[PDB]
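Taking the form deposited without the DNA, here's one chain by itself in C-alpha cells.
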C-alpha cells in the first residue's frame, strides 16, 4: 500500500465510525454505501487533519478517484455525493 501519514480512506472510516459526524458524513443505503451530508465540511475537516487550509470538495473528490482504480472505493451513479466502500478491495490492498 504505502506509505507515510494518514490517508483519506482511513480518515473517512474514522469519521464514519462516529455517529456524532452524521451531519457531514454517514453510512446510508447499505453494502458499504455512505453519503457526504455536508461535502464542504468533510473537506474542511480533512484540511485540518492534513494541515492543508486550501482544501475544498473539488480537491477531496479528486483524491477519491485514486481509490476507484485501487478498488478501495466507488461512486454511486445517479446520486451526487454518495460513494461506496469496497471492504473486499481494501482487504486485498492490505495483503502482501
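Numbering follows the first chain given and starts at 1.
Note that the form deposited with the DNA bound isn't included here; everything after this is about it.
Engineer: Is residue 19 close enough to touch the DNA in the deposited bound form, meaning at least one heavy atom pair within 4.5 Å?
Structural biologist: Answer no; every heavy atom of residue 19 is more than 4.5 Å from the DNA in the deposited bound form.
Engineer: So in the deposited bound form, is the DNA close enough to residue 27 to count as touching (4.5 Å, heavy atoms)?
Structural biologist: Residue-level check for residue 27: no, no contact with the DNA.
Engineer: Quick check on residue 92: any heavy atom within 4.5 Å of the DNA in the deposited bound form?
Structural biologist: No, residue 92 stays farther than 4.5 Å from the DNA in the deposited bound form.
Engineer: Would you classify residue 83 as touching the DNA in the deposited bound form, given a 4.5 Å non-hydrogen atom cut-off?
Structural biologist: Judged by the heavy-atom cut-off of 4.5 Å, residue 83 is in contact with the DNA in the deposited bound form.
Engineer: If the criterion is a non-hydrogen atom within 4.5 angstroms, does every one of 15, 33 and 45 touch the DNA in the deposited bound form?
Structural biologist: The answer is no; none of 15, 33 and 45 reaches the DNA.
Engineer: So which residues in 46 to 63, when you check the DNA in the deposited bound form, have a heavy atom no farther than 4.5 Å from it?
Structural biologist: 46, 50, 52, 54, 55, 57, 58, 59, 62, 63 sit within 4.5 Å of the partner.
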